[PDB]
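Structure first, then comments.
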C-alpha cells in the first residue's frame, strides 16, 4: 500500500530527493534516513543518536533528539503526518 | 556501526 505525507513531511522527503506525493512506508523510511545523512543530523561519535532540534525535522517530531535504537518518536510523527 | 548501518535496523 501507499501513503500521502502531509506538507512539512513531504518537504523533508523532497529535500532528500524524493519525487511526487505518494510513497510506500518503506520509501518514506528510506528518504527520512537520506534526509538525516544529507543534513548531517546524526552524532559523529554515537551514530545512532539523531540531533534534530535545530531542524524542521525536530519541529515535526516535537523533540530535540532521538535514537535509531528506539524509533517510537518516528512512528508517532508518521501517524500524525501520513494521510492514508 | 555507522548511522547508515543503524538506519538499516528500521523495518
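Note that we place each Cβ from the backbone using ideal geometry, even for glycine, and neighbour counts take in every protein chain shown. Only the coordinates and a few stated rules stand behind these numbers; no lab work does.
Here are a few things to note about the model shown:
- Contact order, relative form, for chain A: 31 percent (alpha carbon pairs under 8 Å, 6 or more residues apart, mean separation divided by residue count).
- Helix axis angle, A:25-38 relative to chain A longest principal axis, alpha carbon, degrees: 40
- Here the scattering of the protein assembly as shown is modelled by Debye summation over its C-alpha atoms, one equal scatterer each and no solvent; at q = 0.10, 0.25 Å⁻¹ the log10 of I(q)/I(0) is -0.22, -1.53.
- Ranked for footprinting exposure by Cβ neighbours inside 10 Å, fewest first, A:79, A:4 give A:79, A:4.
- For chain A, the longest principal axis of the alpha carbon atoms and the long axis of helix A:72-81 meet at an angle near 30°.
- Relative exposure of A:78, A:57, B:9, judged by other C-beta atoms within 10 Å (fewest first): B:9, A:78, A:57
- Calculated [θ] (222 nm, deg cm²/dmol) that DSSP helices of n ≥ 4 give over chain A, each run adding -39,500 (n - 2.57): -13500 deg cm²/dmol
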